[PDB]
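Here, each number is a calculation from the coordinates, and none is a lab measurement. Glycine also receives a Cβ, built like all others from the backbone with ideal geometry; neighbour counts cover every protein chain displayed.
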Amino acid sequence: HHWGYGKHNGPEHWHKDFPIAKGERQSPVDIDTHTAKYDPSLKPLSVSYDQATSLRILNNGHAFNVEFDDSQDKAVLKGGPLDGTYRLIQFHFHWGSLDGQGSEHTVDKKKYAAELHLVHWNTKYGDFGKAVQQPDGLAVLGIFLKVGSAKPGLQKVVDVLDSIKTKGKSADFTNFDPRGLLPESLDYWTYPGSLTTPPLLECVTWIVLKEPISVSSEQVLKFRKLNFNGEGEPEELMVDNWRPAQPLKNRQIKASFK
Ligand SMILES: NS(=O)(=O)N1CCc2ccccc21
Ligand SMILES: [Zn+2]
């Protein structure tokens, strides 16, 4: 009886196995745009993905992960609120059954159709497993998706999903350039938070971009054909794999922009 996104094992249940679910820096949160304060001190954000090496795409039963070679400083995130260098390890998405839900963060209580998470780990801790035990171990770049025009840089991801329909399936996924998933502006909000799935560790500096990317209805419909289940099991469509907003508690959300 594992965690998931159903009535019986969904976010309102996670606290029983993972009591930090009710902790002091849980994610996601609602971003109240009128309460977020411009922080003139935030350093410029640096997204350096030119040398990124994608390797594989995996359906893990909760989402699909595009995995990178993180055995050297190829693809790194620096600057903004960050001290030091954070190495890209994977990206994934969270999405809805309908276009009116799917994001984990909200903006003035608005839900987007989906949310992209680019996961990076602080290289001063040596490996990802050590980094997640630290309060500044990870930096997650979050990007909202709205439905409208296609995102050409997403289509290579969309077209492989048929080959990883069910939990535990993977496929080779080399030479994918995650720069094609970014919006034009790097204006962001930032706050200290957590993983949004078990084990809900409080190790993340969240960096959520203000500008959403546009994807087509056909692109997101292909995300919604994935399965939570394993091969041969009763089909359970992989939809609504998002955690709702958590209490902000004793935190301030900072804006990079006026
Ligand atoms: N949104 S999420 O919590 O699933 N996420 C962000 C940080 C991280 C680390 C390892 C695996 C996944 C992720
Ligand atoms: Zn995520």
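Details
- Projected onto planes of every orientation and averaged, the convex hull of the alpha-carbon atoms in the stretch 163-203 covers 5.3 nm².
- Point-charge dipole on Cβ atoms (K/R +1, D/E -1) for the chain, about Cα centre, debye to 20: 500
- Under the simplified labelling scheme, the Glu233-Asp159 pair shows an inter-label distance of 3.0 nm, with each label point 7 Å from Cα along Cα→Cβ.
- Cβ-placed point charges (K, R +1; D, E -1), dipole of the stretch 75-223 about Cα centre in debye, nearest 20: 180
- Binning the C-alpha pair distances of the stretch 1-98 at 10 Å intervals from 0 yields a P(r) profile of 12, 26, 35, 26, 2 %, listed from the shortest bin outward.
- Among the trypsin sites (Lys or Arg not before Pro) found in the stretch 102-180, those both in a DSSP coil and sparsely packed, with 11 or fewer other Cβ atoms within 10 Å of their Cβ, are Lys109.
- Here the ratio of the Cα radius of gyration of the stretch 54-191 to 2.2 N^0.38 Å is 1.07.
- The residue list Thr33, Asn227, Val239 was ranked by how far each Cα lies along the charge dipole of the chain toward its positive end, using unit charges on Cβ atoms, and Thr33 comes out on top.
- Cα-based convex hull volume of the chain per residue, rounded to whole Å³: 123
- Beta-bridge orientation, the stretch 1-140: approximately 95 percent antiparallel, per DSSP, counting only bridges with both partners inside.
- Computed label-point distance, nm, for sites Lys225 and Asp39 using a 7 Å Cα→Cβ extension: 4.2
- If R0 is 51 Å, the Cβ-Cβ spacing of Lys74 and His8 corresponds to a FRET efficiency of close to 0.80.
- 17 Å reach of a label modelled at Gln134, 7 Å along Cα-to-Cβ, counting backbone N of the stretch 198-228: 201-206
- Of the residues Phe64, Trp121, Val208, the one whose Cα sits farthest towards the positive end of the charge dipole of the chain is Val208 (charges of +1 on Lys and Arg Cβ, -1 on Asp and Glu Cβ, taken about the Cα centre).
- Tensor-based shape of the stretch 177-258 (alpha-carbon gyration tensor, a/c under 1.5 rounded, otherwise prolate or oblate): oblate
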